[PDB]
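As structure tokens, the structure follows; a few thoughts come after it.
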Amino acid sequence: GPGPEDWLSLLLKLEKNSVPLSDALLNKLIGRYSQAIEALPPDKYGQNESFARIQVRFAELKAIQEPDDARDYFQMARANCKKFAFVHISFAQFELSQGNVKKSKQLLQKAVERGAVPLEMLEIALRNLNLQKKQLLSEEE
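Note that the sequence shown covers residues -2 to 0, 62 to 199 in the authors' numbering.
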């Protein structure tokens, strides 16, 4: 069975081929991400960055499709991929978008306390939250 890097490569190609986006194409994409998650045991991949990207994208797609039921998918991604700062920032971004500023800050502070990496990404996110910006992270690379 293919690993997370092979699955992510297929999933990103499907996202590129799902333009212009529609409800039907969004449902198809979410379905394909669920198939990757069903095929990838989290106990083998907790330290895998491509696996963290798969779990985060599923949660982000669910936040578009049904924001009132997306929290559990961010909690799953954080439970499985806690090492990566971008996982915690994605959850904090979701909370911020829902108007839960206090929860967004607590998620970022807990990630700093628990040593999610890289630290710099978390400091930028905390600065942007304190500056009252809508996005914790801009078009960053």
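Built from N, CA and C at the ideal position, the CB exists for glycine as well.
Burial state of residue i (16 or more Cβ within 10 Å)
i: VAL77; result: exposed
i: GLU153; result: buried
i: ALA121; result: buried
i: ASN188; result: exposed
i: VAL114; result: buried
i: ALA97; result: exposed
i: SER196; result: exposed
i: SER92; result: exposed
Own chain residues within Cβ distance below 7 Å of residue i, not counting five before or after
i: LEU66; result: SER108, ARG111, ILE112
i: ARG90; result: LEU69, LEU72
i: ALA94; result: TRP65, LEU69, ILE112
i: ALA169; result: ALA143, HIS146, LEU180
i: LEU79; result: none
8 Å Cβ cutoff met for residue i and residue j
i: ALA117; j: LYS141; result: no
i: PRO99; j: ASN138; result: no
i: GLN156; j: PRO125; result: yes
i: residue 209; j: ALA150; result: Residue 209 lies beyond the range of the chain shown here (-2 to 199); nothing can be said about it.
i: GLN123; j: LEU83; result: no
i: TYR103; j: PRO(-1); result: no
Own chain, CB closer than 8 Å to residue i, minus 5 neighbours either side, in chain order
i: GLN105; result: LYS141
i: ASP127; result: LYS120
>> Pairs of beta-carbons, one from the stretch 169 to 183 and one from the stretch 145 to 159, closer than 8 Å: are there three or more?
In response: The answer is yes - the stretch 145 to 159 touches the stretch 169 to 183, with three or more Cβ pairs under 8 Å.
> In chain order, which alpha helix (DSSP H) runs of at least 4 residues are fully inside the stretch 82 to 165?
Replying inline: Runs of the alpha helix (DSSP H) inside the stretch 82 to 165: 100 to 103, 107 to 123, 129 to 138, 143 to 155.
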